[PDB]
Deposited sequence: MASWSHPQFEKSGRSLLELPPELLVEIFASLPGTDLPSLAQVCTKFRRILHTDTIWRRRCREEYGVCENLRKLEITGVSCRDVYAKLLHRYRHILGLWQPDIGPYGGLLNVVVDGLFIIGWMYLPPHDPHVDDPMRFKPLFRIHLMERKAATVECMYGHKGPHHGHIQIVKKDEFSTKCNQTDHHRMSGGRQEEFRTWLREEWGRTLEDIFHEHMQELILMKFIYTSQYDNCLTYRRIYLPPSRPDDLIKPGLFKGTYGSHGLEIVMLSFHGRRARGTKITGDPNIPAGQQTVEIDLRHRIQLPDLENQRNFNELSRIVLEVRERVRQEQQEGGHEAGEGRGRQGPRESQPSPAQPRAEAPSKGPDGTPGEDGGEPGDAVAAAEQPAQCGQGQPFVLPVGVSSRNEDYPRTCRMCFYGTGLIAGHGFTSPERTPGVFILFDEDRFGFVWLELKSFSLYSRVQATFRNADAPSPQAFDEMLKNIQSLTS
């Protein structure tokens, strides 16, 4: 006989409603009196926050603050769903990394900076740039967390799909009582931990200064473009993600390793004015393994060059139709604490350019795999070594939706810096 939905006990109905997407709850709520009333049951929304946005709200916190999960879903989670993820700020050539994330009754824009040069194995430093706070009865507030004088008014604008912007409404807080000299030393201390001096090298001294001045011009009014972590694959792979790498005088840069057939790509997440954020910095030819000779041939620079240009050669013909390691004499390395065993070597090419990314080109070199989360690149024509090491942090909402989508994201961030 002819039962309807409307005759089911409330408890069954809650089961069923608690199982649906949160975005279907608001239609159900407008169907009738009984559904509106039932949909005031927080358990339903507490499940919707957990399963869809990863957040398990505290009940005690909910009681103190007077906020409910219906509120959280509606006014925080869904309202702001599009800025969640992993981002790269648009800051001329320098990039950056923001992971925008849900904690409790907050959404937090976390900036991840590299460790001090040259300590590529030290962990990423991290600080909030902005937060979004839900309180009882109110719309969620937007606040900027830069830089030293506490949280203060901000704005957010979701431009599209894959871009958003922050404004700060009260920059009086970024300032410091000593002035801009002091802003500069604290900044120097956190990014370098070196003395306003120590290095002497006017060149790094100059690069550091200019970067300070260029980025600090974005007070902190920035636009962010979406980026993704690279797809895991079992065979055609030995372990992607983000690494921290030595880039000489520019200091440490963040580089995303990803796999693309029998070829790996090194993509800049942060960069410098020679080769900017968003560009291919490295490419590893994964079918042109190079054999590691004994250790006194390893020491021989020219042996190494002959061998590497001979592979360059054979590569150019086609596109027509652990164990002891040491750098060669003449090859510099900012680190010196690069491992003395390695598994494999492979031919690869780096991207080089003059200042302003002028007249870029691929120079030969050789990629060196040390550990699961440690590798290097010998820059032949610069007689120079780069040591990369895995960024150990973990990132929320950062996965490409699909593989072709990741290869699209690479294409967009490369083009904005073309």
>> Ranges lacking C-alpha coordinates, please, mapped onto the deposited sequence and listed in sequence order.
In response: 1 to 11, 333 to 391
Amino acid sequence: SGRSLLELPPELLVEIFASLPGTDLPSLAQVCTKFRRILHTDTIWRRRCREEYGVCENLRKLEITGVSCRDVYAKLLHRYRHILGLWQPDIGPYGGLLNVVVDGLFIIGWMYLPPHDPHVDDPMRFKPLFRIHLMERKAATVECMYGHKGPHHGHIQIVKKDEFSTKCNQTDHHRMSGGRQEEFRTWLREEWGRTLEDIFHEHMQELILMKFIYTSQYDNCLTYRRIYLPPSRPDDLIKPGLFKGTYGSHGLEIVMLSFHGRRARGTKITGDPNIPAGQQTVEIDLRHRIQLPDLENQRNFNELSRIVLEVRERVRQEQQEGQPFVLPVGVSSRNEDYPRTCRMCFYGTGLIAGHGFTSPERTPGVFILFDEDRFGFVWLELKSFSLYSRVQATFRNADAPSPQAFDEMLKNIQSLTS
From here on, numbers count along this sequence of modelled residues.
>> If you take the mean CA temperature factor per stretch, which one wins between 151 to 159 and 67 to 75?
In response: 151 to 159
>> Test of understanding: from the entry's C-alpha B-factors, which stretch has the higher mean, 200 to 208 or 219 to 227?
In response: 200 to 208
> Of 287, 116, 133, 244, which one's C-alpha B factor is largest in the deposited record?
Replying inline: 287
> If you check the C-alpha B-factor for each of 248, 271, 348, 193 in the entry, which is highest?
Replying inline: 193
> Sorting the chain's CA B-factors, does residue 237 end up in the lowest, middle or highest third?
Replying inline: highest
> In terms of the CA temperature factor given in the entry, to which third of its chain does residue 317 belong: lowest, middle or highest?
Replying inline: highest
>> Where does the C-alpha B-factor of residue 186 rank in its chain, lowest, middle or highest third?
In response: highest
> If you rank every modelled residue in this chain by C-alpha B factor, which third holds residue 48: lowest, middle or highest?
Replying inline: lowest
>> How does the C-alpha B factor of residue 10 compare with the rest of the chain: lowest, middle or highest third?
In response: middle
